[PDB]
S.K.: 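Got a structure for you, written out below as structure tokens; questions coming shortly.
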Amino acid sequence: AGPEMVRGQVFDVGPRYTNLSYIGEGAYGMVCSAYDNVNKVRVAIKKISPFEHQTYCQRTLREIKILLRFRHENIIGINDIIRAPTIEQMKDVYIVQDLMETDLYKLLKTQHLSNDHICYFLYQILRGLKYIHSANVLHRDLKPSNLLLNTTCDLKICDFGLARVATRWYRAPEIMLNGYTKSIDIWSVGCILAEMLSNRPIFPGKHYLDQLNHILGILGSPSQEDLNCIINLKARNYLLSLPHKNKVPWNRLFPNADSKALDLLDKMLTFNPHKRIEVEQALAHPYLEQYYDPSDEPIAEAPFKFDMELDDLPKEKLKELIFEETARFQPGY
Ligand SMILES: CN(C)Cc1cccc(Nc2ncc(Cl)c(-c3csc(C(=O)NN4CCOCC4)c3)n2)c1
């Protein structure tokens, strides 16, 4: 019996992995669960087909190298990698990882979170993000659909394809001019907090202009100091063209949320990245006092550093590096 297929997509991961089930898909990849007939468990498998585009090749190499170096309870790992025995044959790369029960996206579509769970999930997101930022890496695309949850309420951050060393509903406002710094991740976590408090996106713009209006609709018109953070000229001009907007207090939007939760949300969703809170201070905020435990919150031993200029490399070079990096999982290595 030939190779497995999932929604007309071949999934050439047997004989070890079988009984595939669709989970989701991105721009150049698909995710399924499968049965691992060695460890007698179900696993997650992300198929990645990036080699047509230099950008996809950089993100794939970055994703693999970062996830193989990171070792943290709140961050998805890589257990196995499958690809063809020769570089000429390699069209796809399959990354095998721990299977989780669901993601925060789906959870928030069907469940109301107690203040306790919101607190505990927020702690874990930030605890993972502390490890991440401690290594001088940015995730850059945190969102409910890549925060994974287990039966026992354990959370893991996944999809590091966009990560870099230091929808669009979670993009910080600095980015909607563009400057990727650690504070864009805190913005995303702020938006995630809001969504956990209400079950609806806080800034659900149809496009970037419409997202800016949502943001200003709650934060109010930016100050002049805040306007000096907005480097891009079209954006700055646009902001200067708008009528004044008043700041809406957080407890009017979330009338039944914990006061501490709202005080932290306020500091995470701050227009000016320079004044936005940082991950350790977030973790030490009173709202999180029930879980904050710096004695058991690991950081990376050293800053992550790429020794090559991936941006500069032609997609053929990248593919060779991807062949190299995945060698160690190939039989007979
Ligand atoms: C419906 N039934 C399947 C339940 C369910 C629902 C969602 C998740 C999981 N479990 C799980 N376990 C391990 C992993 Cl590794 C992943 C995973 C999902 S997506 C992804 C990634 O890399 N995704 N990117 C592309 C898609 O958009 C987001 C980013 C990794 N999921 C189970």
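Numbers here are sequence positions counted from 1. Indexing begins at 1, ligand by ligand and atom by atom, following the structure's order.
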S.K.: Between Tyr131 and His72, is the gap from one ring center to the other below 6.0 Å?
M.R.: yes
S.K.: In terms of residue, atom name and distance, what is the protein heavy atom nearest to atom 3 (C) of ligand 1?
M.R.: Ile23 CG1, 3.4 Å
S.K.: Check each atom of ligand 1 against the heavy atoms of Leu99 and keep those under 4.0 Å away; list them by number with element.
M.R.: 10 (N), 12 (N)
S.K.: For ligand 1, is there an atom lying under 4.0 Å from some heavy atom of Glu101?
M.R.: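 The answer is yes, since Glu101 has a heavy atom less than 4.0 Å from ligand 1.
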S.K.: Identify, by atom number and element, the atoms of ligand 1 in contact range of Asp98, meaning under 4.0 Å from any of its heavy atoms.
M.R.: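 Within the 4.0 Å cut-off of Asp98, ligand 1 contributes 12 (N), 13 (C).
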S.K.: Given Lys106, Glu63, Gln97, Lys46, identify the one with the heavy atom nearest to atom 21 (C) of ligand 1.
M.R.: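 Checking each option, the heavy atom nearest atom 21 (C) of ligand 1 is found in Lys46.
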S.K.: Pick whichever of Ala44, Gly161, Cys158 has a heavy atom sitting closest to atom 20 (C) of ligand 1.
M.R.: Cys158
S.K.: Would you say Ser145 contacts ligand 1, with heavy atoms under 4.0 Å as the rule?
M.R.: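 Contact check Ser145 vs ligand 1: positive.
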S.K.: Can the ring centroids of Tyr94 and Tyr17 be said to lie less than 6.0 angstrom from one another?
M.R.: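 That pair fails the under 6.0 Å test.
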S.K.: Decide whether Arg16 and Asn37 meet the rule of one side-chain donor and one side-chain acceptor closer than 3.5 Å.
M.R.: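 Judged by distance alone, the side chains do not pair up.
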S.K.: Is there a donor-acceptor contact under 3.5 Å linking the side chains of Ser114 and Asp116?
M.R.: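 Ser114 vs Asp116: no donor-acceptor pair found between side chains.
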S.K.: Note the single closest protein heavy atom to atom 29 (C) of ligand 1, along with its residue, its atom name and the distance in Å.
M.R.: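 Nearest neighbour among protein heavy atoms for atom 29 (C) of ligand 1, to 0.1 Å: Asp159 OD2, 2.8 Å.
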S.K.: Looking at atom 5 (C) of ligand 1, tell me if a protein heavy atom falls under 4.0 Å from it.
M.R.: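 Yes.
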S.K.: Aromatic contact between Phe203 and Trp187, with the criterion being ring centroids under 6.0 Å apart: yes or no?
M.R.: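 Yes.
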S.K.: Between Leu148 and ligand 1, which part of the residue brings a heavy atom under 4.0 Å of the ligand: side chain, backbone, both or neither?
M.R.: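 It is the side chain that touches ligand 1; the backbone stays farther off.
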S.K.: So, does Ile95 sit close enough to ligand 1 that a heavy atom of it is under 4.0 Å from the ligand?
M.R.: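 Under 4.0 Å: no for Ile95.
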